[PDB]
């Protein structure tokens, strides 16, 4: 069965960029619910033995009778599993992907500007992503717990823009949350996701 992964740092470690109370609820409540409901959906079926990456990549072929529960809770589980590892108290803006960003956009600042614009323009619940699409870097957003993996695009950076991810600290000010995010991006994890990209 699927398990709630521990955070790789304390609940306070991303302060003041993300508040401890949000990290605790977002992990212990929101992610845990996705794991509970994912397990209920796949329990005693062949899906129970697969990686969450494989299930979401192959979501469009999951049996119709559970496909929605797997979309929501499988997506939820994968997206938050990625997110916790893509955050760090020791962010360093360097490495393979930062170098590739600088060459494609001209500066990290120009990339951050486009990412912030795409992330702010996601209407309702969802995620902003940096993806590898056919060997090119592309910024896309997805609704609810959808993941670009499902459409053959490998996510290497994600930002949760569900209001639960930012409302306690930022309320309506999603752009201020996006600004604070840059301070805690784990570019080592971004590089790892980019290198593993098929």
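Residue numbers count along the first chain shown, from 1.
**Q** Averaging CA B factors per stretch from the PDB record, which one is higher: 7 to 15 or 175 to 183?
**A** Per the PDB record, 7 to 15.
**Q** Please work out which of 81 to 89 and 105 to 113 has the higher mean CA B-factor as recorded in the PDB entry.
**A** According to the entry, 105 to 113 carries the higher average C-alpha B-factor.
**Q** Comparing recorded Cα B-factors across 140, 41, 165, 157, which one is largest?
**A** Spelled out: the listed residue with the top C-alpha B-factor is 41.
**Q** What third of its chain's C-alpha B-factors does residue 30 belong to: lowest, middle or highest?
**A** CA B-factor rank for residue 30: middle third.
**Q** Quick one: classify residue 161 as lowest, middle or highest third of the chain based on its Cα B-factor.
**A** Answer is lowest: the recorded C-alpha B-factor places it there.
**Q** Sort the modelled residues of this chain by their C-alpha B factor and say whether residue 146 lands in the lowest, middle or highest third.
**A** Residue 146: CA B-factor falls in the lowest third of its chain.
**Q** Please place residue 96 in the lowest, middle or highest third of its chain according to the CA B-factor in the PDB entry.
**A** CA B-factor rank for residue 96: highest third.
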